[PDB]
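Spelled out from the first residue to the last, the chains are:
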Amino acid sequence: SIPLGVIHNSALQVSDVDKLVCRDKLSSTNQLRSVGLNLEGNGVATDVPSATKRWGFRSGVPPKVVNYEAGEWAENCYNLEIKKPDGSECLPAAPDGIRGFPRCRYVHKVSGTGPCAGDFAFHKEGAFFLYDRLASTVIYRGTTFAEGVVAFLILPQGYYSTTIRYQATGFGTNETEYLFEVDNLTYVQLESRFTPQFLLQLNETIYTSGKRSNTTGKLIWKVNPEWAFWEXXXXXX
Amino acid sequence: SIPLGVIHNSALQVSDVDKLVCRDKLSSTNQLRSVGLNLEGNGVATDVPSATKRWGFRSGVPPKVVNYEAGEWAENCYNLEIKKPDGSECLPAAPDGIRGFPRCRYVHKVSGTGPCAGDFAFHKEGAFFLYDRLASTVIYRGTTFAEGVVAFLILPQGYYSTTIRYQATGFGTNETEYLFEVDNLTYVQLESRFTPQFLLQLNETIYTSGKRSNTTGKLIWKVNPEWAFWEXXXXXX
Amino acid sequence: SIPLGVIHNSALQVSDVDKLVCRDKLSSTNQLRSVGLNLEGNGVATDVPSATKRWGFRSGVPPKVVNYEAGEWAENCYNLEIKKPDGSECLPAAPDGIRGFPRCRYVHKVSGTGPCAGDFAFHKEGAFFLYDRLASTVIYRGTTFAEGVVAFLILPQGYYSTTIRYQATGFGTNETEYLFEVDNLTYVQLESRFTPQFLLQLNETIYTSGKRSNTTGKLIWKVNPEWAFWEXXXXXX
Amino acid sequence: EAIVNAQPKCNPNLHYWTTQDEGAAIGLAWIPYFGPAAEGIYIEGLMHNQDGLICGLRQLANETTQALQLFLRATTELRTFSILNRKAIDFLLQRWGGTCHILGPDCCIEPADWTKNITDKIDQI
Amino acid sequence: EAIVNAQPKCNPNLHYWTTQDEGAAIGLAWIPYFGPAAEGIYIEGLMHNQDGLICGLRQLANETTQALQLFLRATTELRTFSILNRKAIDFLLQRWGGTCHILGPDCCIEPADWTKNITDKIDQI
Amino acid sequence: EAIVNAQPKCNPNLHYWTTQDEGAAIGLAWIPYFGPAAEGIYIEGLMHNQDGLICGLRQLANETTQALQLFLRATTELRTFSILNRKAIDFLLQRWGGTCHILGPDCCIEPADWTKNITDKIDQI
Ligand SMILES: *[C@@H]1O[C@H](CO)[C@@H](O[C@@H]2O[C@H](CO)[C@@H](O[C@@H]3O[C@H](CO[C@H]4O[C@H](CO)[C@@H](O)[C@H](O)[C@@H]4O)[C@@H](O)[C@H](O)[C@@H]3O)[C@H](O)[C@H]2NC(C)=O)[C@H](O)[C@H]1NC(C)=O
Ligand SMILES: *[C@@H]1O[C@H](CO)[C@@H](O[C@@H]2O[C@H](CO)[C@@H](O[C@@H]3O[C@H](CO[C@H]4O[C@H](CO)[C@@H](O)[C@H](O)[C@@H]4O)[C@@H](O)[C@H](O)[C@@H]3O)[C@H](O)[C@H]2NC(C)=O)[C@H](O)[C@H]1NC(C)=O
Ligand SMILES: *[C@@H]1O[C@H](CO)[C@@H](O[C@@H]2O[C@H](CO)[C@@H](O[C@@H]3O[C@H](CO[C@H]4O[C@H](CO)[C@@H](O)[C@H](O)[C@@H]4O)[C@@H](O)[C@H](O)[C@@H]3O)[C@H](O)[C@H]2NC(C)=O)[C@H](O)[C@H]1NC(C)=O
Ligand SMILES: NC[C@H]1CC[C@H](NC(=O)[C@@H]2[C@@H]3C[C@@H]4C[C@H]2C[C@@](c2ccccc2)(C4)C3)CC1
Ligand SMILES: NC[C@H]1CC[C@H](NC(=O)[C@@H]2[C@@H]3C[C@@H]4C[C@H]2C[C@@](c2ccccc2)(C4)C3)CC1
Ligand SMILES: NC[C@H]1CC[C@H](NC(=O)[C@@H]2[C@@H]3C[C@@H]4C[C@H]2C[C@@](c2ccccc2)(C4)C3)CC1
Ligand SMILES: *[C@@H]1O[C@H](CO)[C@@H](O)[C@H](O)[C@H]1NC(C)=O
Ligand SMILES: *[C@@H]1O[C@H](CO)[C@@H](O)[C@H](O)[C@H]1NC(C)=O
Ligand SMILES: *[C@@H]1O[C@H](CO)[C@@H](O)[C@H](O)[C@H]1NC(C)=O
Ligand SMILES: *[C@@H]1O[C@H](CO)[C@@H](O)[C@H](O)[C@H]1NC(C)=O
Ligand SMILES: *[C@@H]1O[C@H](CO)[C@@H](O)[C@H](O)[C@H]1NC(C)=O
Ligand SMILES: *[C@@H]1O[C@H](CO)[C@@H](O)[C@H](O)[C@H]1NC(C)=O
Ligand SMILES: *[C@@H]1O[C@H](CO)[C@@H](O)[C@H](O)[C@H]1NC(C)=O
Ligand SMILES: *[C@@H]1O[C@H](CO)[C@@H](O)[C@H](O)[C@H]1NC(C)=O
Ligand SMILES: *[C@@H]1O[C@H](CO)[C@@H](O)[C@H](O)[C@H]1NC(C)=O
Ligand SMILES: *[C@@H]1O[C@H](CO)[C@@H](O)[C@H](O)[C@H]1NC(C)=O
Ligand SMILES: *[C@@H]1O[C@H](CO)[C@@H](O)[C@H](O)[C@H]1NC(C)=O
Ligand SMILES: *[C@@H]1O[C@H](CO)[C@@H](O)[C@H](O)[C@H]1NC(C)=O
């Protein structure tokens with residue numbers, strides 16, 4: 001029942017479990033490979049507001065983990081530190097041997113609070129959370145992941161990362177509010193249309209034009225100024 | 001050495017490891033199955049006094065777990081909360097991923113004390129404690145199990161549960177005393193001949209005829225009034 | 001890539017992965033065996049000063065464990081309790097199911113301190129730490145191990161142990177100092193040339209000639225008096 | 001070897017529970033977030049004692065325990081999931097772990113249809 | 001069955017990361033004490049969409065999820081590492097799990113070169 | 001490839017310990033509750049250096065370490081128990097993972113006895 005990909009006639013196809021192809025040759029277990037593909041590569045929105053709406057909390061379902069051997073360099077990964085309003089953790093510590101996804105251009109680190117109405121956080125579309133060669137059905141605290149799915153195949157016989165920090169309230173609900181963090185006291189209201197590159201230029205021009213908070217209080221700026229990646233309030237304008 | 005069951009001549013048999021039967025066909029791993037069968041189904045006594053005498057404590061032997069894929073609906077399962085007289089736990093918390101046996105007509109929940117003279121509780125006849133598709137050599141705290149044994153086979157090509165609570169002293173010894181609990185202050189001296197159905201009728205007639213304790217003290221009643229299931233003291237009469 | 005040993009022409013050899021030998025017969029998984037061989041058997045020095053210089057601390061590398069089925073009776077094993085000068089442990093507790101190496105003529109138990117400049121202690125030559133049928137890349141606290149390496153093979157179709165206690169300072173560095181412990185207050189400066197048998201005779205003659213400490217203070221003695229095993233200071237002379 | 005139920009009793013009917021990995025779920029019930037809790041993943045069935053298979057199976061599980069217990073004593077693995085896969089491997093090794101000598105008792109190659117092939121070609125020639 | 005990429009987009013290039021177990025390391029870099037940290041065990045590569053294999057693979061992983069999710073729901077194993085080995089076993093059982101009837105469609109034994117052998121011996125005789 | 005013991009010394013005798021899963025225990029000693037503690041599950045044996053196998057084996061384990069270490073670096077599995085089973089699978093795939101061309105070097109099918117069968121039938125006809 002788990003589909004196995006095989007190449008026939010210059011085309012990848014699913015192997016027919018009911019039809020024996022004696023021409024197919026499997027000469028060692030090395031020819032079998034498991035691959036994790038990123039949801040990114042299918043065109044899903046990757047901004048934090050859009051991505052988090054794909055995740056939700058559920059009780060009663062034991063988490064499950066499956067390994068995979070090769071993965072895809074991600075443009076967007078995520079790393080969550082979510083607590084309830086009373087300060088208890090919403091996500092479990094990463095189990096022994098589960099490390100973060102190894103290749104992320106941008107790590108979106110989200111801290112904040114939500115009601116977290118369930119024991120584990122699952123992908124509402126059935127996808128996996130991809131970590132270091134281990135795909136999980138649930139999200140682990142403080143551990144970088146990419147959203148993805150796993151394929152199984154029979155083959156024929158530098159790295160820069162940047163962390164983008166955000167604060168959240170009402171995480172995991174309809175009315176989630178997100179702030180992009182410039183420093184511990186300067187924030188920008190986050191909109192879905194803001195790209196990672198835009199947030200990094202927004203950060204740099206705030207630092208250089210001195211629009212950071214020079215008080216002890218919290219300064220929050222507002223801003224109002226179809227293409228995939230591979231192809232004290234105020235205002236600014 | 002582990003026997004494998006196979007059907008020849010309209011009869012289940014153990015496969016001869018020394019004799020090759022080329023007629024036998026194994027076309028996928030799906031034809032192989034592991035099954036857990038309940039000791040119940042062989043005619044063993046299932047009342048709490050008789051069942052607990054089959055279990056005992058032992059040190060020096062590491063616990064072991066093996067999985068099984070299909071199980072049998074049980075009439076009787078057990079769930080143990082045993083402490084030493086000094087309040088330390090006798091049984092280990094269930095390991096991650098070990099859940100209770102999924103189909104039990106009656107769960108006999110036993111709380112109480114014993115000397116617990118060993119690190120783990122084993123089956124004195126060599127049987128297993130069957131949990132959710134995992135069979136263990138030992139008993140886990142507060143986790144419903146059925147007594148059973150595992151078979152391995154090559155195939156040819158609603159649900160109601162009721163918890164019955166008991167208190168125990170001297171658990172795991174010759175002189176174990178058991179009480180059936182009607183409420184936190186009303187108990188019945190337990191005899192081996194009392195069936196689950198009898199205990200549930202005994203409970204209901206005590207509740208309705210007002211023979212529960214109407215004091216702060218502990219009321220204990222005594223009672224003196226070959227067929228398998230598939231086919232302040234006082235007195236009452 | 002993992003070599004497999006096979007017997008051809010009255011000689012053990014590595015199986016050629018590129019050459020099929022149809023004459024080779026594998027009739028069950030029982031013919032496959034994994035064996036742990038002790039570094040001892042290759043002639044490595046086994047005194048505590050020489051052995052410990054082969055181990056070192058490293059961060060960033062996840063530990064790994066592989067099982068093996070048969071092992072070799074060891075003359076020398078080791079058991080380490082090392083702390084930092086501030087009393088924090090240097091080695092992790094043995095994981096569940098990892099027990100000490102089962103056959104050791106002499107267990108060298110070493111307690112003491114070092115800077116422990118890394119998360120785990122590895123074998124600097126790439127060998128394994130052999131425990132009870134589990135070989136690990138790292139050292140576990142208070143758990144007897146032998147240094148060894150693992151082979152994989154396709155086969156053709158009483159016990160006395162003695163613990164020797166030592167104290168260490170500067171463990172895991174160039175300038176490590178070792179004392180052999182006679183009792184909690186009598187020690188001997190340890191030299192590399194001292195054999196286990198010599199240490200046990202040294203201990204017995206100290207006990208019988210009354211050269212143990214009869215004060216509350218710490219008495220330390222000094223001593224100045226090519227063959228493999230299978231073939232308050234002072235002075236003594 | 002034959003299986004002789006030597007138990008004091010035998011429940012001749014097997015009311016069983018298991019899982020169905022094949023699933024082929026309705027709509028979105030395969031998504032963990034939406035699917036059943038741990039209590040609701042089970043199917044059920046009832047098997048009667050045709051050919052004495054249920055009492056045979058009870059006896060077989062009983063008789064399996066010793067060898068299974070000795071196996072678990074000797075493994076350092078905490079939870080063993082590989083018994084059935086190893087039996088599948090041993091099934092293959094028993095038949096294909098050596099050279100297959102055609103017509104030999106330990107070689108499951110049937111040359112019948114091809115013997116009749118060569119035979120008809122010889123009748124022609 | 002054929003694979004029809006039904007995604008809103010397809011990144012036609014696969015910049016991938018993996019490990020190399022073969023290693024054949026330089027000097028002492030295979031020794032854990034001396035070798036790379038967890039971050040430095042990865043190799044990389046780039047594959048383009050020749051024969052439409054990258055978009056096919058994205059679709060295949062998408063379509064695999066349901067069956068894979070149903071499998072993980074039914075296993076009690078916390079971390080599953082055995083899927084590819086079990087597929088290798090099932091590859092062998094499909095071909096060799098029964099008697100191999102030569103010339104039959106389910107038997108991958110090619111007797112061609114030996115048919116020509118027997119044939120030339122018959123031409124002689 | 002041949003195995004050349006390059007160690008400074010070789011203990012030519014192997015006093016070994018292992019377990020016996022086969023057991024076939026006396027009376028009730030297979031029951032975990034009654035059987036041996038962890039310290040008493042071991043058997044022992046002594047093997048001498050006939051055919052140089054002990055020194056060969058010491059060298060083989062030494063030479064295995066690099067490839068084994070590189071394998072453990074690349075697996076995310078904490079405890080690896082599957083190496084021997086995977087080698088058994090690869091043993092079968094090397095011989096049976098493709099069509100078996102009879103008389104070909106990569107096909108372990110021996111047709112000798114059946115060649116003499118067809119031959120005697122031809123002598124008759
Ligand atoms: C495998 O690939 C499939 C196709 O890309 C993925 O299908 C997605 O399935 C989810 C349900 O699990 C759908 O979510 C629903 O969306 C509607 C909103 O309408 C949306 O529909 C269009 C498509 O016509 C979509 O492109 C727009 O963004 C719309 O917003 C909600 O009302 C539902 O409540 C639910 O959220 C996705 O719409 C659907 N995507 C597509 C492109 O069809 C499938 O999830 C993939 N499987 C895995 C495991 O990743
Ligand atoms: C597989 O099936 C076997 C047969 O059903 C099970 O055999 C049981 O083995 C235990 C020992 O492990 C015996 O327990 C002993 O019993 C005597 C008491 O005498 C009893 O003997 C009769 C049988 O003639 C039995 O039916 C009565 O209830 C008697 O009370 C004690 O003195 C011993 O100390 C020890 O407790 C069982 O008697 C025996 N049962 C039967 C029916 O023979 C075996 O346990 C099964 N294996 C597993 C793993 O479940
Ligand atoms: C497999 O067997 C090999 C041969 O027995 C082992 O080789 C050992 O490899 C380590 C490096 O990992 C060497 O350690 C170096 O030693 C020098 C000191 O010089 C020593 O060289 C002679 C050999 O000519 C040796 O016998 C003396 O004791 C000398 O002291 C240092 O400068 C280096 O920093 C490093 O420590 C060993 O010397 C070498 N041994 C031998 C006998 O060649 C190999 O480790 C084995 N593999 C495993 C996994 O155990
Ligand atoms: N994929 C859905 C199905 C997958 C296979 C499932 N069969 C089992 O577990 C099997 C079948 C049903 C039940 C439990 C096991 C063993 C069994 C049996 C009993 C006596 C002799 C021989 C066999 C009895 C056959 C039923 C659901
Ligand atoms: N031992 C070194 C090598 C070991 C094999 C490694 N290949 C993979 O992971 C493979 C190859 C590279 C990459 C990831 C997987 C699947 C893949 C592919 C894509 C589309 C159709 C079919 C296949 C794409 C082939 C590359 C490094
Ligand atoms: N079931 C009881 C028995 C099961 C098999 C056990 N053999 C081993 O472990 C084997 C045999 C005994 C010992 C340890 C391993 C490898 C060995 C060897 C050495 C050199 C070359 C080739 C092989 C040496 C053969 C002995 C007990
Ligand atoms: C969330 O959505 C709207 C606000 O956007 C609200 O009216 C509704 O009640 C909420 N629904 C749930 C399920 O929380
Ligand atoms: C910002 O706050 C976090 C925790 O609240 C702290 O770890 C970090 O050092 C702070 N940064 C600065 C520049 O003070
Ligand atoms: C924002 O700009 C400052 C100033 O150069 C820099 O130090 C900081 O790292 C930037 N933040 C991010 C997330 O790039
Ligand atoms: C102080 O902060 C204000 C905003 O409150 C910012 O506009 C300004 O640049 C800062 N001061 C200077 C001198 O830049
Ligand atoms: C338990 O059995 C009797 C009481 O029933 C008692 O005399 C005996 O000493 C006890 N035996 C053990 C082993 O505890
Ligand atoms: C009975 O006591 C237990 C604990 O002693 C408690 O959990 C339970 O609520 C009590 N029941 C009633 C009716 O008081
Ligand atoms: C005993 O009877 C009372 C009264 O109906 C009921 O509430 C209670 O659950 C019963 N106990 C059991 C164990 O059935
Ligand atoms: C009060 O408890 C007594 C036993 O002490 C019981 O027999 C009686 O039914 C209870 N009272 C009433 C009025 O029922
Ligand atoms: C250790 O070796 C010598 C002392 O024996 C010392 O001079 C040197 O600096 C030390 N080296 C290291 C790497 O600690
Ligand atoms: C020596 O000291 C250790 C701990 O410091 C202690 O466990 C042991 O009992 C002592 N031995 C004696 C003879 O006092
Ligand atoms: C040292 O000698 C004493 C006296 O016989 C003995 O009790 C002690 O165990 C010995 N220590 C060792 C390590 O053998
Ligand atoms: C007391 O200890 C001394 C060393 O300080 C030792 O030489 C002597 O044997 C001990 N006393 C006696 C009477 O033996």
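Residues numbered from 1 in each chain as written, not as in the entry; some residues may be left out. Chains lettered and ligands numbered in written order. Heavy atoms only, no water. Residues with missing side-chain atoms left out of burial classes, pairs and counts.

Chain D is annotated in the PDB entry as GP2 from Zaire ebolavirus.

By the naming in the PDB entry, chain A goes by GP1 and is assigned to Zaire ebolavirus.

**Side note on the packing of aromatic side chains**
Quick reminder of the rule: Stacked, edge-to-face and tilted are the three classes for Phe, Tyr and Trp ring pairs, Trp counted by its six-membered ring, which pair at centre distances within 6.5 Å; planes under 30 degrees apart are stacked, over 60 edge-to-face, the rest tilted. We call a charge positioned over a ring when the NZ of a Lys or the CZ of an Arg lies within 6 Å of the ring centre and within 35 degrees of the ring normal.
This structure, assessed with the given rule, holds 51 aromatic pairs over all chains. Three or more aromatic residues link up through ring pairs in this structure, and these residues are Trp55, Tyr78, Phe129, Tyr131, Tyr140 and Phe145 of chain A. The ring centre of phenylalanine 91 of chain D lies 3.4 Å from the NZ or CZ of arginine 95 of chain D, which sits over that ring.

**Some thoughts on a negative patch on the surface**
Under the convention used in this document: Only residues whose relative accessible area exceeds 30% and that take part in no salt bridge are eligible for patches, with like-charged residues grouped when within 9 Å of each other and nonpolar side chains (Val, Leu, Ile, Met, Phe, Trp, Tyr) grouped when within 5 Å. Per-residue and other accessible areas follow the Shrake-Rupley method at a 1.4 Å probe size, with only the shown protein chains counted as cover for residues. Salt bridge criterion: a side-chain nitrogen from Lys or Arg within 4 Å of a carboxyl oxygen from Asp or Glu. Within this scheme the basic residues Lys and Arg register as positive and the acidic residues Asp and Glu register as negative, but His and the chain ends are omitted. Think of each charge as sitting on NZ of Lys, CZ of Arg, CG of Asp or CD of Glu. Numbering goes from the N terminus for both helices and strands, where a helix is a DSSP run of H or I of at least four residues and a strand is a run of E of at least two.
A cluster of like negative charges, contributed by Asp16 and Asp18 of chain A together with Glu1 and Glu63 of chain E, occupies part of the molecular surface. Within the secondary structure, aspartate 16 of chain A sits in the loop between β2 (11-14) and β3 (32-38).

**Brief notes about the sheet that holds strand β13 (residues 162-169) of chain B**
All names here are of chain B. We apply this condition: The pairing criterion for strands is at least two bridges between them, as found by DSSP. Working convention: axes come from line fits to C-alpha atoms, limited for helices to the stretch in contact. Angles between N-to-C directions cover 0 to 180 degrees.
Strand order in this open sheet of six strands is β7-β8-β13-β14-β15-β16, and the pairing throughout is mixed. The open sheet terminates on both sides in strands that have one partner only, identified here as β7 (74-83) and β16 (219-221). Direction aside, the axes of adjacent strands within the sheet are offset by 30° on average. As paired elements, β13 and strand β14 (residues 177-183) share four bridges and run antiparallel to each other. Paired with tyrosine 166 across the bridge in β14 is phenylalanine 180.

**Observations regarding the interface of chain E and chain A**
Selection criterion: We call two residues in contact whenever any of their non-hydrogen atoms come within 4.5 Å of each other. Residue type decides the class: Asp, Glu, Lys and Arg count as charged, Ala, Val, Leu, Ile, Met, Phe, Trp, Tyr, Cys and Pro as nonpolar, and the leftover types, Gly among them, as polar.
Listed per partner, the contact involves 56 residues of chain E and 65 residues of chain A. Sorting the residues of the side of chain E that touches chain A by element identifies β1 (14-18), α1 (53-74), β3 (79-80) and α2 (83-96) of chain E as the ones contributing at least two each. Take the side of chain E that touches chain A: its biggest share by element is 16 residues, from α1 of chain E. In terms of residue class, the side of chain E that touches chain A is made up of 28 nonpolar, 15 polar and 13 charged. The pairing of strand β6 (residues 71-72) of chain A with β1 of chain E spans two bridges and is antiparallel. Bridge pairing in β1 of chain E places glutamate 72 of chain A opposite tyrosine 16 of chain E.

**Topic: the pattern of salt bridges**
Once the charged atoms of two side chains with opposite charge are near each other, the side chains can pair. Residue and element names in this part refer to chain A. Test applied: For every residue, the accessible area (1.4 Å probe, protein chains only) is compared with the maximum for its type, and the residue is labelled buried under 20%, exposed over 50%, or partly exposed between those bounds.
Applying the stated criterion to the full structure yields 30 salt bridges over all chains. Measuring nitrogen to oxygen at the nearest pair gives 3.3 Å for the salt bridge that ties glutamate 69 to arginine 33. With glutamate 69 in the loop between β5 (65-67) and β6 and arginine 33 in strand β3, this residue pair connects regions lying 36 residues apart in the sequence. Note on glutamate 69: relative accessible area 23%, which makes it partly exposed. Overall, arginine 33 belongs to the partly exposed group, its relative accessible area being 24%. Taken together, the shared-partner salt bridges in this structure form one network comprising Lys83, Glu89 and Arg141.

**Here we look at the UniProt feature "disulfide bond" in chain A**
Residues and elements named next belong to chain A. Test applied: Sulfur atoms of two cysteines make up a disulfide when they are within 2.5 Å. UniProt positions are given in the numbering used here, feature names are shortened, and annotations may be inferred rather than shown by experiment.
Sulfur atoms bridged by a disulfide sit less than 2.5 Å apart; for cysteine 77 and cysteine 104, annotated as such a bridge in UniProt, the distance of 2.0 Å is consistent with the bond. With a gap of 27 residues between them, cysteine 77 in strand β7 (residues 74-83) and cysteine 104 in strand β8 (residues 104-113) connect regions that are remote in the sequence. Neither residue differs from the other here; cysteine 77 and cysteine 104 are each classed as buried.

**Quick notes on the site of ligand 9**
All names here are of chain A. For the record, the criterion: Definition of nearness: a residue and a molecule or strand are near each other if at least one heavy atom of the residue lies within 4 Å of the molecule or strand.
Contacts to ligand 9 come from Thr163, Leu200, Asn203 and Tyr207. Contact with the protein chains removes 50% of the 360 Å² of surface that ligand 9 exposes when unbound. In terms of residue count, the dominant contributor to the shell around ligand 9 is helix α2 (residues 196-208) (three residues). Grouping the amino acids of the shell around ligand 9 by side-chain chemistry returns two nonpolar, two polar and no charged.

**Thoughts on the interface of chain B and chain E**
Quick note on the threshold: Buried area counts how much accessible surface, traced with a 1.4 Å probe, disappears from two parts once they are put together, with both parts' losses summed. Any pair of nitrogen or oxygen atoms within 3.5 Å is treated as a polar contact; in protein, a donor-acceptor pairing is required on top of that, and neighbouring residues in sequence qualify only through side-chain atoms on both sides.
Each partner contributes to the interface: chain B provides 15 residues, whereas chain E provides 13 residues. The largest share of the area that chain B buries against chain E comes from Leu26, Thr29 and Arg133 of chain B, three residues that together contribute 46% of it. Taken together, the links from chain B to chain E amount to six residue pairs in polar contact. Looking at side-chain class alone, the side of chain B that touches chain E contains three nonpolar, six polar and six charged residues.

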